[PDB]
Amino acid sequence: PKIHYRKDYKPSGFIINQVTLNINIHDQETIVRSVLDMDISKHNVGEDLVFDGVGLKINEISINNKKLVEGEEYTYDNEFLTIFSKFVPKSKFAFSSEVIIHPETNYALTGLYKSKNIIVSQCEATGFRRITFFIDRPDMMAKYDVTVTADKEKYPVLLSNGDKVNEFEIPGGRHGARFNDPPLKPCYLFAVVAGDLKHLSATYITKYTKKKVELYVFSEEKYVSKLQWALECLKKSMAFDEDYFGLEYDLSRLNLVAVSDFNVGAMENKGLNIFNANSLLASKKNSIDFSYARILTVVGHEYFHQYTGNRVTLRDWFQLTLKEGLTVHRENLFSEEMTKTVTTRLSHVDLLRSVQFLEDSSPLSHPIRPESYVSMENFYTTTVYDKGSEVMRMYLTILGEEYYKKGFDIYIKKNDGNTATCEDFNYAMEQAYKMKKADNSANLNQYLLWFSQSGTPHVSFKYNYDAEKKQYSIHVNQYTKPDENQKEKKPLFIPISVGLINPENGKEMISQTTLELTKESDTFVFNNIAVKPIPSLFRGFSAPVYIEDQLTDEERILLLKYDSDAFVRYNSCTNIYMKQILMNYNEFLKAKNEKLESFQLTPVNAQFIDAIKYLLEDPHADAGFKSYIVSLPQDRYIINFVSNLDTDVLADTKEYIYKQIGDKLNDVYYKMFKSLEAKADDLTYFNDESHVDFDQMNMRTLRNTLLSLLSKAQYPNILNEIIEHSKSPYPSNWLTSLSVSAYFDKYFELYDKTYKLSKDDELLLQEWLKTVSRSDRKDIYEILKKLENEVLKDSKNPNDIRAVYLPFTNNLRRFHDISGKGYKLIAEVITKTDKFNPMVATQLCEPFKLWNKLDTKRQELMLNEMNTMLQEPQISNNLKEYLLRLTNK
Ligand SMILES: CC(C)(C)OC(=O)N[C@H](C(=O)NO)c1ccc(-c2ccccc2)cc1
Ligand SMILES: [Mg+2]
Ligand SMILES: [Mg+2]
Ligand SMILES: [Zn+2]
């Protein structure tokens with residue numbers, strides 16, 4: 001099993017200048033003819049010519065139109081084509097090949113494959129080698145001339161990168177289209193699409209050069225009515241890149257295409273972006289609210305790649321976070337500006353501190369620029385993407401908007417049209433840093449540690465106030481736990497956005513301030529501080545760290561009520577909850593361990609409950625924010641703070657705390673559920689697909705959150721509200737009515753009712769599957785078996801498989817059943833999926849990521865299932881490598 005090392009990067013001994021492809025799609029096979037115009041590079045040392053080529057059936061290969069013969073002149077082992085150097089020309093030459101591939105049975109969804117009745121490619125990272133021979137690495141830049149042919153009736157729409165320069169009929173009911181794409185690109189940005197596609201289109205005029213850009217969004221005919229929001233999102237994306245970054249689209253056309261079978265959300269192939277249908281298609285009748293932010297995010301993300309990834313590309317795959325962290329950051333700026341809701345930023349933090357922090361404290365922990373890899377398909381992690389985006393965001397926090405924009409433009413101007421590394425970006429930011437600090441001595445050398453050092457830093461605080469001196473001190477300490485990547489962790493450049501709140505009137509006591517912590521510890525002193533403040537720390541979540549604020553619950557309540565920063569308010573709430581959770585957890589644990597006949601639990605702080613009521617009853621407070629304060633922290637966040645976590649004890653702990661708060665606030669919750677109805681469920685724009693109101697969707701989130709709390713509590717006659725809710729036109733509402741009805745005898749009636757509403761829309765049915773999967777049912781294992789037999793069956797669609805099983809794995813009480821039956825079940829699904837789609841099989845391993853954080857019995861149960869999966873004779877490279885790293889084998 002070959003390990004690739006970052007330190008080992010060396011340029012190729014060859015050059016590929018021109019790619020000319022003929023892709024001939026037939027019923028039982030696809031024939032790919034390729035001519036590569038090549039040359040010898042300055043780094044060449046007379047080596048064999050070795051192409052990547054995986055699963056290809058060779059008809060013939062040639063050099064300069066002379067047929068090569070197997071054994072004497074070349075070898076092929078289904079992975080590498082090796083042409084012996086004595087037969088490799090010493091100057092410019094042409095290599096040609098004809099291979100047969102089989103998209104119809106390509107269920108791994110990499111290379112060229114069939115999704116329903118659409119032929120589509122997915123080449124990032126190393127998929128182009130599954131289509132034809134190539135030196136499949138992103139620093140091999142070439143020009144592409146691509147012809148596609150196919151049955152005209154089955155495949156009337158043909159697409160590839162660049163301009164369509166010819167269309168022609170072919171005897172036998174076939175037809176062809178030729179696409180020429182002169183600008184250099186890496187092969188992972190190649191794409192082809194063939195199918196009976198329908199479209200919506202628009203013309204966009206660029207802000208400065210006034211170029212007309214044709215925008216096309218495509219789907220199968222059945223779902224063409226779900227394309228409108230995507231087209232709007234694309235127009236929004238283009239405008240934002242223009243307005244914030246001064247960047248215009250450079251091509252005459254941009255196509256977006258939805259397909260049903262896709263391993264991830266979408267892919268940024270140049271001028272031809274390809275999407276999981278669940279991240280492009282929506283309608284108000286057939287989609288839950290979450291779809292609208294999802295499409296905005298994913299469309300935005302692939303568009304922003306056109307600069308950060310496509311025009312400025314990667315030298316090698318170790319630089320992945322340079323395009324992904326940066327593009328996620330750009331998409332976050334975009335979405336925050338489009339939604340105008342504080343919950344956008346909060347949702348990203350919530351995801352980072354649960355999922356990414358868990359990864360970073362797991363055996364899988366890696367820095368955002370790893371030192372090695374075995375599987376590129378396993379490389380696309382929340383660390384690289386989401387911690388990457390926070391590292392990219394910190395530059396903006398450090399520099400401020402004006403100088404950040406200056407640095408970013410330096411990066412784009414200097415590297416446009418070329419490959420780049422993480423150092424190039426840091427260099428550009430450093431120039432802006434020098435400008436900002438007004439001295440050419442300033443540098444960001446220490447900042448590079450964010451790329452190389454793994455683990456989550458812990459930042460802790462102590463305070464001092466001298467009333468006579470009016471002098472306030474913040475003592476700050478950072479620490480990163482040693483792990484397998486660094487025995488000794490170095491201090492990072494940590495920017496700490498801070499405010500000081502006057503506790504008597506809630507007002508700001510200082511101007512905007514970002515502390516630059518660059519040592520293991522520092523003391524920051526403030527003069528003329530008239531009264532002892534409450535510090536507002538890491539505003540906007542200004543660094544990806546564990547925050548230990550060392551504040552009392554009284555101080556945290558004051559911030560929650562009166563601070564100006566949404567994240568600090570939310571975090572203060574989070575911290576109050578965590579203190580309660582840890583306390584009650586240990587009390588339940590003791591009772592379990594000692595087999596106590598009686599014991600005491602510490603109640604929830606009454607002033608905290610009062611503060612929640614205060615905020616809920618404030619008509620000017622934000623609905624989305626309100627939904628966060630009545631929800632306990634995610635389980636995957638909590639587990640970062642507890643050793644040997646007993647999931648049953650945690651379930652009892654959460655139950656107690658929710659019941660404590662509900663016993664006081666349920667009447668408030670109910671009053672709000674009712675008073676919010678009018679605005680939340682307003683139908684005025686239900687048939688306008690371009691009208692999207694993120695505040696109104698947040699009101700529905702709040703209502704559905706409250707309905708869940710009230711239902712669990714068996715609030716008097718709440719079943720009436722549930723039934724009425726099931727009749728709402730909004731799928732977010734009537735799917736919610738299904739999951740909250742879990743606690744009542746009407747569950748299977750709503751099950752059938754909502755299934756009937758869902759079954760005739762592919763994506764809606766998948767949302768229904770998720771709702772059933774995450775239902776809080778005691779008979780959930782029987783229900784999953786029912787889903788398997790009646791709906792899922794032997795579908796190889798990753799959306800179907802993920803919908804049925806992943807939400808269930810978040811059922812704390814049931815998935816972690818002490819019998820191990822839940823672990824057994826998902827391991828069986830992983831092994832089954834691994835036979836046809838290793839990438840998705842590895843995704844389905846996600847619940848096992850915390851295995852060594854659980855109680856010893858559950859660790860053993862999980863470890864056993866992973867060892868069982870590892871012993872399967874037919875285990876994929878993906879799954880084997882992943883489980884070996886996860887189990888520390
Ligand atoms: C959600 C968000 C938008 C952040 O990301 C995604 O939807 N897609 C990613 C991505 O970065 N798109 O730009 C992405 C991730 C992985 C692949 C891949 C890698 C190997 C093989 C096959 C596929 C391909 C794409
Ligand atoms: Mg093959
Ligand atoms: Mg299907
Ligand atoms: Zn991306």
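Along the sequence shown, residues carry numbers from 1.
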Quiz item: Atom OH of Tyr669 and atom OH of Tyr715: how far apart are they, to the nearest 0.5 Å?
Solution: 12.0 Å
Exercise. Hey, could you give me the CG/CG distance between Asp646 and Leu589, rounded to the nearest 0.5 Å?
Key: 6.5 Å
Exercise. Taking the side chain as every heavy atom from C-beta outward, state whether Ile629 and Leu616 have any atom pair closer than 4.5 Å.
Key: yes
Practice problem: Please report the closest heavy-atom contact between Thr647 and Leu854, naming both atoms and the distance. | Solution: CG2-CD2, 3.9 Å
Self-check item: Test item: side-chain donor near acceptor, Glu508 and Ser564, under 3.5 Å
Solution: yes
Practice problem: Verify the ring-centre separation between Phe608 and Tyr577: is it less than 6.0 angstrom? | Solution: yes
Exercise. Give a yes or no on this: more than 12 heavy atoms of other residues, nucleotides or ligands lie within 6.0 Å of atom NZ of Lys613.
Key: no
Quiz item: Just wondering, are more than 12 heavy atoms of other shown residues or ligands nearer than 6.0 Å to NZ in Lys592?
Solution: yes
Self-check item: Trace of the side-chain contact (heavy atoms from CB on, under 4.5 Å) decision for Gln478 with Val545
Solution: CA-CA 9 Å; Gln478 66 169 292; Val545 300; over 6 Å; no
Quiz item: Is there a donor-acceptor contact under 3.5 Å from the side chain of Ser708 to the main chain of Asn704?
Solution: no
Quiz item: Is the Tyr670-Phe673 ring centre distance short of 6.0 angstrom?
Solution: no
Quiz item: Is it true that the NZ or CZ of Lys821 lies under 6.0 Å from the centre of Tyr781's six-membered ring and within 45 degrees of the ring axis?
Solution: yes
Quiz item: Is it true that a side-chain atom of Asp360 and a backbone atom of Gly455 form a donor plus acceptor pair closer than 3.5 Å?
Solution: yes
Quiz item: Salt-bridged, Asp695 to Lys679, with N to O below 4.0 Å?
Solution: no
Practice problem: Check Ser732 against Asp289 and note the closest heavy-atom contact, atom names and distance. | Solution: OG-N, 2.7 Å
Exercise. Measure the spacing between CG of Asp855 and CD1 of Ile818 and express it to the nearest 0.5 Å.
Key: 5.5 Å
Exercise. Drop me the distance from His816's NE2 to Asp635's CG, to the nearest 0.5 angstrom.
Key: 7.5 Å
Self-check item: Closest non-hydrogen atom pair between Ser631 and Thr705, with its separation
Solution: OG-CG2, 3.9 Å
Quiz item: Are any non-hydrogen side-chain atoms of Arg393 and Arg345 less than 4.5 angstrom apart?
Solution: yes
Practice problem: State whether the side chain of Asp622 and the backbone N or O of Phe625 hold a donor-acceptor pair below 3.5 Å, judged by distance alone. | Solution: yes
Quiz item: Is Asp667 salt-bridged to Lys671, going by a charged N under 4.0 Å from an acidic O?
Solution: no
Quiz item: Would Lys664 and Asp610 pass as an ion pair if we require N to O under 4.0 Å?
Solution: no
Quiz item: Charged N to carboxylate O below 4.0 Å: is that the case for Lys579 and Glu548?
Solution: no
Exercise. Could you walk me through whether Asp800 and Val791 pass side-chain contact (heavy atoms from CB on, under 4.5 Å), step by step?
Key: CA-CA 9 Å; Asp800 289 338; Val791 184; over 6 Å; no
Quiz item: Looking at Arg813 and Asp776, does any basic side-chain N land under 4.0 Å from a carboxylate oxygen?
Solution: no
Quiz item: Looking at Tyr637 versus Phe357, is the centre-to-centre ring distance below 6.0 Å?
Solution: no
Exercise. Starting at NZ of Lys626, measure out to CG of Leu706 and round the result to the nearest 0.5 Å.
Key: 9.5 Å
Quiz item: So which heavy atom on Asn605 is nearest to which on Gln580, and how close?
Solution: N-OE1, 4.1 Å
Self-check item: Donor-acceptor under 3.5 Å (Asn584 side chain, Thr602 main chain)
Solution: yes
Quiz prompt | Salt bridge present between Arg814 and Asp817 (N-O < 4.0 angstrom) | solution = no
Quiz item: For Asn571, does its backbone N or O pair with a side-chain atom of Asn575 as donor and acceptor, under 3.5 Å?
Solution: yes
Exercise. Apply salt bridge (charged side-chain N to carboxylate O under 4.0 Å, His left out) to the pair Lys770 and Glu767, showing each step before the final yes or no.
Key: CA-CA 5 Å; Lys770 297 182 182 173; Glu767 292 306 325; 3.5 Å; yes
Exercise. Check the surroundings of atom CD in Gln600: do more than 12 heavy atoms from other residues, nucleotides or ligands lie under 6.0 Å from it?
Key: no
Quiz item: Knowing that exactly one of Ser572, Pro535, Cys573 qualifies, which makes a side chain to side chain contact (heavy atoms under 4.5 Å, CB included) with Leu559?
Solution: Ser572
Quiz prompt | Cation-pi check, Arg353 onto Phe541 ring (under 6.0 Å, within 45° of axis) | solution = yes
Practice problem: Determine the interplanar angle of the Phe538 and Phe461 rings, folded into 0 to 90°, and report it as parallel if under 30°, tilted if 30 to 60°, perpendicular if over 60°. | Solution: perpendicular
Quiz item: Around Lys561, counting heavy atoms of other residues, nucleotides and ligands shown, do more than 12 lie under 6.0 Å from its NZ?
Solution: yes
Practice problem: Check whether any side-chain heavy atom of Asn640 lies under 4.5 Å from a side-chain heavy atom of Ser361, and answer yes or no. | Solution: yes
Quiz prompt | Side-chain (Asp565) to main-chain (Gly540) donor-acceptor, under 3.5 angstrom | solution = yes
Quiz item: Would you say the side chain of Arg294 lies within less than 4.5 Å of the side chain of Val298, judging by non-hydrogen atoms?
Solution: yes
Quiz item: Minimum heavy-atom separation for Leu764 to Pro731, with atom names?
Solution: CD1-CB, 4.2 Å
Quiz item: So, do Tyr747 and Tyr743 have ring centers that fall under 6.0 Å from each other?
Solution: no
Quiz item: Think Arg569 forms a cation-pi with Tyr628, using NZ or CZ under 6.0 Å from the six-ring centre and within 45 degrees of its axis?
Solution: no
Exercise. Find out whether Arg858 and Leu645 are in side-chain contact, i.e. whether some heavy atom of one side chain is under 4.5 Å from a heavy atom of the other.
Key: no
Quiz item: Are the side chain of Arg703 and the backbone N or O of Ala680 linked by a donor-acceptor pair below 3.5 Å?
Solution: no
Self-check item: Residue pair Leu784 / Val804: nearest heavy atoms and the distance that separates them
Solution: CD2-O, 3.7 Å
Practice problem: Using a 4.5 Å cut-off on heavy atoms from C-beta on, say whether the side chain of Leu844 contacts that of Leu806. | Solution: yes
Quiz item: Is there side-chain contact between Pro533 and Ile501, with heavy atoms separated by less than 4.5 Å?
Solution: no
Quiz item: Rounded to the nearest 0.5 Å, what separation is found between the NZ atom of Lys753 and the CH2 atom of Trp734?
Solution: 9.5 Å
Exercise. Could you tell me whether the side chain of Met672 reaches within less than 4.5 Å of the side chain of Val668, counting heavy atoms only?
Key: yes
Quiz item: If you measure only the distance, is there a donor-acceptor pair under 3.5 Å linking the side chains of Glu336 and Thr344?
Solution: no
